[PDB]
């Protein structure tokens, strides 16, 4: 599933301000991270990132590729490739709590300025 800017904004409205993070900033971050695609899979060296939030099997979810993973979100990585982003959001919040917004390189690089374009009026 590939969401549009406003569709996703509506789904994450209740997350505004979570961990001091503003909604438009999070939308911008996700645009440059996965392009709003729930099925994005990106192989890094000996690890892989999954889904809309690009959650890593190196530390956050369990995958057969990295059997030694701490699996902090306590969930198999396949759950981040389906149509329900509810469990993806639960894990992203745990990343925000523990590690913070810098888990996503896009935030500091491109998402602290030129923010009006990320606002949504109605879809």
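Think of the rigid core as the biggest set of C-alphas that the two forms share within 1.5 Å after superposition. Numbering follows the first chain given and starts at 1.
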Out of 73-81 and 25-33, which one drifts farther from the shown form in 4 other deposited structures of this protein in terms of CA positions, with the fit done on the rigid core? 25-33
In 4 other deposited structures of this protein, superposed by the rigid core, which stretch departs further from the shown form in CA positions, 5-13 or 105-113? 105-113
Which has the higher mean CA temperature factor in the PDB entry, 91-99 or 38-46? 38-46
Stretch with the greater mean C-alpha B-factor as recorded in the entry, comparing 19-27 against 101-109: 19-27
Divide the modelled residues of the chain into thirds by Cα B-factor and specify which third, lowest, middle or highest, holds residue 86. lowest
Is residue 57 in the lowest, middle or highest third of its chain when residues are ranked by C-alpha B-factor? lowest
Comparing residue 76 with the other modelled residues of its chain, is its CA B-factor in the lowest, middle or highest third? lowest
